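Source file: my_file_2.cif; contents: mmCIF, N, CA and C atoms.
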```cif
data_target
#
loop_
_atom_site.group_PDB
_atom_site.id
_atom_site.type_symbol
_atom_site.label_atom_id
_atom_site.label_comp_id
_atom_site.auth_asym_id
_atom_site.auth_seq_id
_atom_site.Cartn_x
_atom_site.Cartn_y
_atom_site.Cartn_z
ATOM 1 N N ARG G 1 -12.577 24.799 2.120
ATOM 2 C CA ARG G 1 -12.471 23.780 3.156
ATOM 3 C C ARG G 1 -11.824 22.522 2.592
ATOM 4 N N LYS G 2 -11.285 21.679 3.469
ATOM 5 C CA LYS G 2 -10.603 20.463 3.040
ATOM 6 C C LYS G 2 -11.289 19.205 3.567
ATOM 7 N N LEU G 3 -12.485 18.940 3.052
ATOM 8 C CA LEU G 3 -13.224 17.728 3.385
ATOM 9 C C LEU G 3 -13.033 16.682 2.288
ATOM 10 N N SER G 4 -12.030 15.816 2.434
ATOM 11 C CA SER G 4 -11.679 14.869 1.371
ATOM 12 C C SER G 4 -11.254 13.489 1.869
ATOM 13 N N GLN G 5 -10.891 12.622 0.924
ATOM 14 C CA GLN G 5 -10.356 11.301 1.228
ATOM 15 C C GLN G 5 -8.993 11.461 1.874
ATOM 16 N N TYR G 6 -9.004 11.783 3.166
ATOM 17 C CA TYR G 6 -7.815 12.161 3.917
ATOM 18 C C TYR G 6 -8.134 12.209 5.410
ATOM 19 N N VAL G 7 -8.277 13.431 5.931
ATOM 20 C CA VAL G 7 -8.670 13.723 7.311
ATOM 21 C C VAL G 7 -7.797 13.021 8.334
ATOM 22 N N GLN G 8 -8.156 11.773 8.599
ATOM 23 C CA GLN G 8 -7.393 10.931 9.498
ATOM 24 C C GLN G 8 -6.095 10.560 8.824
ATOM 25 N N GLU G 9 -6.173 10.413 7.511
ATOM 26 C CA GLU G 9 -4.989 10.173 6.722
ATOM 27 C C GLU G 9 -4.189 11.454 6.714
ATOM 28 N N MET G 10 -4.901 12.575 6.685
ATOM 29 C CA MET G 10 -4.261 13.874 6.745
ATOM 30 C C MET G 10 -3.686 14.075 8.128
ATOM 31 N N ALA G 11 -4.337 13.476 9.121
ATOM 32 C CA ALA G 11 -3.832 13.496 10.481
ATOM 33 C C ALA G 11 -2.545 12.705 10.538
ATOM 34 N N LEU G 12 -2.520 11.594 9.814
ATOM 35 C CA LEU G 12 -1.309 10.805 9.698
ATOM 36 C C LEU G 12 -0.282 11.587 8.891
ATOM 37 N N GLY G 13 -0.765 12.321 7.895
ATOM 38 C CA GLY G 13 0.102 13.115 7.041
ATOM 39 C C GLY G 13 0.695 14.269 7.817
ATOM 40 N N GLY G 14 -0.093 14.811 8.735
ATOM 41 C CA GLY G 14 0.374 15.887 9.585
ATOM 42 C C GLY G 14 1.421 15.337 10.519
ATOM 43 N N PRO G 15 1.199 14.105 10.949
ATOM 44 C CA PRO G 15 2.168 13.413 11.765
ATOM 45 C C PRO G 15 3.366 13.084 10.906
ATOM 46 N N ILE G 16 3.097 12.783 9.645
ATOM 47 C CA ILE G 16 4.165 12.548 8.700
ATOM 48 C C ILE G 16 4.860 13.858 8.434
ATOM 49 N N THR G 17 4.106 14.947 8.494
ATOM 50 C CA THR G 17 4.708 16.260 8.385
ATOM 51 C C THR G 17 5.473 16.534 9.655
ATOM 52 N N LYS G 18 4.933 16.062 10.769
ATOM 53 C CA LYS G 18 5.582 16.251 12.053
ATOM 54 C C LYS G 18 6.836 15.414 12.118
ATOM 55 N N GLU G 19 6.772 14.262 11.473
ATOM 56 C CA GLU G 19 7.938 13.427 11.352
ATOM 57 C C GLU G 19 8.885 14.112 10.397
ATOM 58 N N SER G 20 9.895 14.769 10.943
ATOM 59 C CA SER G 20 10.889 15.407 10.103
ATOM 60 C C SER G 20 11.744 14.347 9.444
ATOM 61 N N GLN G 21 12.693 13.803 10.207
ATOM 62 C CA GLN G 21 13.653 12.787 9.764
ATOM 63 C C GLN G 21 14.392 13.246 8.527
ATOM 64 N N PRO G 22 15.150 14.325 8.705
ATOM 65 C CA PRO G 22 15.827 15.026 7.627
ATOM 66 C C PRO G 22 16.786 14.113 6.907
ATOM 67 N N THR G 23 16.501 13.938 5.618
ATOM 68 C CA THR G 23 17.175 13.011 4.710
ATOM 69 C C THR G 23 17.106 11.568 5.191
ATOM 70 N N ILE G 24 16.097 11.252 5.985
ATOM 71 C CA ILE G 24 15.921 9.894 6.430
ATOM 72 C C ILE G 24 14.637 9.435 5.803
ATOM 73 N N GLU G 25 13.537 10.030 6.245
ATOM 74 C CA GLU G 25 12.233 9.711 5.691
ATOM 75 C C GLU G 25 12.127 10.255 4.282
ATOM 76 N N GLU G 26 12.901 11.302 4.021
ATOM 77 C CA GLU G 26 13.022 11.888 2.705
ATOM 78 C C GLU G 26 13.537 10.862 1.724
ATOM 79 N N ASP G 27 14.506 10.081 2.174
ATOM 80 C CA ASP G 27 15.118 9.074 1.331
ATOM 81 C C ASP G 27 14.152 7.946 1.014
ATOM 82 N N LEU G 28 13.364 7.554 2.008
ATOM 83 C CA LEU G 28 12.427 6.456 1.844
ATOM 84 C C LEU G 28 11.307 6.889 0.928
ATOM 85 N N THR G 29 10.967 8.165 1.024
ATOM 86 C CA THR G 29 9.901 8.732 0.227
ATOM 87 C C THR G 29 10.285 8.790 -1.238
ATOM 88 N N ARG G 30 11.575 8.938 -1.499
ATOM 89 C CA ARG G 30 12.057 8.940 -2.864
ATOM 90 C C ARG G 30 11.917 7.537 -3.407
ATOM 91 N N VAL G 31 12.304 6.570 -2.584
ATOM 92 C CA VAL G 31 12.249 5.171 -2.975
ATOM 93 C C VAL G 31 10.827 4.647 -2.900
ATOM 94 N N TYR G 32 9.957 5.416 -2.261
ATOM 95 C CA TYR G 32 8.543 5.105 -2.249
ATOM 96 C C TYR G 32 7.980 5.289 -3.645
ATOM 97 N N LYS G 33 8.500 6.275 -4.367
ATOM 98 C CA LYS G 33 8.170 6.434 -5.769
ATOM 99 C C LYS G 33 8.878 5.324 -6.498
ATOM 100 N N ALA G 34 10.035 5.663 -7.063
ATOM 101 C CA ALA G 34 11.014 4.717 -7.604
ATOM 102 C C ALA G 34 10.433 3.720 -8.591
ATOM 103 N N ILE G 35 9.833 2.677 -8.030
ATOM 104 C CA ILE G 35 9.121 1.680 -8.809
ATOM 105 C C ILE G 35 7.631 1.973 -8.755
ATOM 106 N N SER G 36 7.283 3.248 -8.889
ATOM 107 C CA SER G 36 5.888 3.666 -8.904
ATOM 108 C C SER G 36 5.316 3.670 -10.323
#
```
This entry written out as structure tokens:
Amino acid sequence: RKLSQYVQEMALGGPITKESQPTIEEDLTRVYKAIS
């Protein structure tokens, strides 16, 4: 089971998964690391 520090965040993540944005959100996600 997946009972963790997520759920609603995972719901957002699923929405983030639902958010395709091919090479759009992908690009931001790369730069989300970047200075990580």
Enumerate as a PyMOL selection string all residues of chain G assigned to alpha helix (DSSP H) by DSSP on the backbone, naming them with the chain letters and numbers the document uses. chain G and resi 8-18+25-34
Atomic distance atom C of residue 24 in chain G - atom N of residue 4 in chain G, expressed in Å with one decimal: 27.6 Å
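We find atom N of residue 36 in chain G and atom C of residue 3 in chain G to be spaced 26.8 Å apart.
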CA of residue 13 in chain G sits from CA of residue 35 in chain G at a separation of 21.5 Å
